[PDB]
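Engineer: Numbering (PDB author numbering), first residue to last: 253 to 301.
One structure follows; several queries about it will come next.
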Amino acid sequence: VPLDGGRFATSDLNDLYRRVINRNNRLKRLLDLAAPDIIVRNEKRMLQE
RNA sequence: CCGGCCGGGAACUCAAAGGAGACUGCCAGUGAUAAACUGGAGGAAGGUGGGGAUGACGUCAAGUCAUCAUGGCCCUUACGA
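Structure follows, in structure tokens:
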């Protein structure tokens with residue numbers, strides 16, 4: 253929801269699923285790029301977190 | 001006396017052919033879930049892989065009567081030989 257003035261009074265539910273997906277799309281990107289193991293796997297670390 | 005000179009062999013180089021194959025088959029991004037384009041792996045060859053042949057109705061009364069033939073015109077003691 254918008255805040256009077258020009259800001260946002262949002263419940264972090266969004267700011268976590270956004271994270272679940274920012275990281276998620278970046279992960280699929282990192283695989284089309286075919287980056288080395290431990291790096292894209294460190295990405296799956298961030299996916300499970 | 002290694003310009004394979006003499007045996008020997010049938011897989012290959014080469015060649016005459018029956019066929020496989022490459023068709024956007026797969027992943028991803030972009031994008032109106034369509035099509036399409038780019039990159040990469042796969043792959044002998046990749047985005048109709050390259051080239052020739054194939055030239056849609058027509059434009060130009062453009063070429064050939066000098067391959068030849070032809071409705072006709074001229075010559076037939078001739079230009080015919």
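For every residue, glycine included, the Cβ atom is placed at its ideal position computed from N, Cα and C.
Just curious, the alpha helix (DSSP H) that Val253 is in, first and last residue?
Structural biologist: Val253 -> no alpha helix (DSSP H), and no H or E assigned at all.
Engineer: Between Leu255 and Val272, is the Cβ-Cβ spacing less than 9 Å?
Structural biologist: No. Outside cutoff.
Engineer: Using beta-carbon positions only, say whether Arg270 and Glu295 come within less than 9 Å of one another.
Structural biologist: The answer is no: Cβ separation not under 9 Å.
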